[PDB]
Amino acid sequence: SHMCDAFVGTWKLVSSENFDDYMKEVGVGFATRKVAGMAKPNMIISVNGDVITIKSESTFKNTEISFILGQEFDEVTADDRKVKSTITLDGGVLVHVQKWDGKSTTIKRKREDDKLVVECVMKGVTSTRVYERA
Ligand SMILES: O=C1C=C(O)C[C@@H](C=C2c3ccccc3-c3ccccc32)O1
């Protein structure tokens, strides 16, 4: 048993708060915000050795990242940013920093009760996305 056991699984989005405003702060344009904001993604997390894979599947976009903790990688975000990402574990929280165009956003993912809570932060703006097991 191991580092991210409690994250592993298939998860479905059940609530979202302030996501439009988070996307605005990120720089997402109107049409992508409207369509992206409707999506109810399935997040599929798995671990094979040191490699963590997070897939997100929705009607808007399918994304996939695989990574080793602490080791920077290239990511294509759902809104089509090309970012440099680094994901670490801090006290049981996955902390994902994305850098692009001189900007930065942090996504934290944590287990809380039977949920997986995703907090997306851009400057002063937070969005909270709550997932339950599918
Ligand atoms: O791990 C997670 C789980 C979440 O529910 C949001 C997701 C991040 C994004 C995101 C970030 C910035 C701009 C757009 C989008 C977007 C648009 C559609 C679906 C998902 C996402 O990151």
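Criteria and cut-off values
Residues numbered from 1 in each chain as written, not as in the entry; some residues may be left out. Heavy atoms only, no water. Core = buried A, V, L, I, M, F, W, Y, C linked by side-chain atoms within 4.5 Å. Buried < 20%, exposed > 50% of the residue type's maximum accessible area, 1.4 Å probe, protein only. Contact = heavy atoms within 4.5 Å. Helix = DSSP H or I, 4+ residues; strand = E, 2+ residues; numbered from the N terminus. Polar contact = N/O pair within 3.5 Å; in protein donor to acceptor, adjacent residues only side chain to side chain. UniProt positions renumbered as here; feature names shortened; annotations may be inferred. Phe/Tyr/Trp six-rings, centres within 6.5 Å; stacked < 30°, edge-to-face > 60°. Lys NZ or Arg CZ within 6 Å of the ring centre and 35° of its normal. Near = heavy atom within 4 Å. Areas by Shrake-Rupley, 256 points an atom, 1.4 Å probe, with all protein chains shown as cover. Nonpolar A, V, L, I, M, F, W, Y, C, P; charged D, E, K, R; others polar.

Okay, the nonpolar core next. As a rule of thumb, soluble globular proteins bury nonpolar side chains together. In terms of nonpolar packing, the biggest core is built from 28 residues, with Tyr 22, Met 43 and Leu 116 touching the most fellow members. When neighbours within four sequence positions are excluded, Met 43 is seen to be in contact with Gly 9, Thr 10, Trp 11, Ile 54, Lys 55, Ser 56, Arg 109, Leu 116, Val 118 and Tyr 131.

Let us now look at the environment of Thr 105. Counting through the fold element by element, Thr 105 comes out in strand β8 (residues 103-112). Residue classification places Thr 105 among the buried positions, given a relative accessible area of 1%. If near-sequence neighbours (up to four positions away) are discounted, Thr 105 is found in contact with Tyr 22, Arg 81, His 96, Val 97, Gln 98, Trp 100, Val 121 and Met 122. For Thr 105, the side chain forms a polar contact with the main-chain oxygen of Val 121, separated by 2.7 Å.

The next point concerns the UniProt feature "short sequence motif: Nuclear localization signal" in the protein chain. Here, UniProt's "short sequence motif: Nuclear localization signal" annotation points to residues 24-34. Helix makes up 73% of residues 24-34 and strand 0%, with an end-to-end C-alpha separation of 11 Å.

The next point concerns the packing of aromatic side chains. For the coordinates displayed, the defined rule picks out 2 aromatic pairs. Between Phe 19 and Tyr 22 the ring centres are 6.1 Å apart and the planes differ by 20°, which places this aromatic pair in the stacked class. On the criterion of helical spacing, the pair formed by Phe 19 and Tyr 22 is a turn pair, its members being 3 residues apart in helix α1 (residues 19-26). Measuring from ring centre to ring centre gives 5.5 Å for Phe 67 and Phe 73, while their planes differ by 10°; the resulting arrangement is stacked. A residue is classified by how much of its surface remains accessible, and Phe 67, at 3% relative accessible area, is buried. Residue placement shows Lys 61 over the ring face of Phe 60; its charged tip is 4.6 Å from the ring centre. Its guanidinium or amino end placed over the ring of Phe 19, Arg 129 lies 3.8 Å from that ring's centre, counting from NZ or CZ.

Around the ligand, the structure places 13 residues, and the nearest of them are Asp 79, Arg 81, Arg 109, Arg 129 and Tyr 131. Take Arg 109: an N or O atom from its side chain is 2.8 Å from an oxygen atom of the ligand. Starting from 470 Å² of accessible surface for the ligand in isolation, the protein chains cover 91%. Residue assignment for the shell around the ligand shows that the elements contributing at least two residues are α1 and β10 (125-133). Looking at which element gives the most residues to the shell around the ligand, the answer is α1, with 3 residues. Residue composition of the shell around the ligand, grouped by class: 9 nonpolar, no polar and 4 charged.

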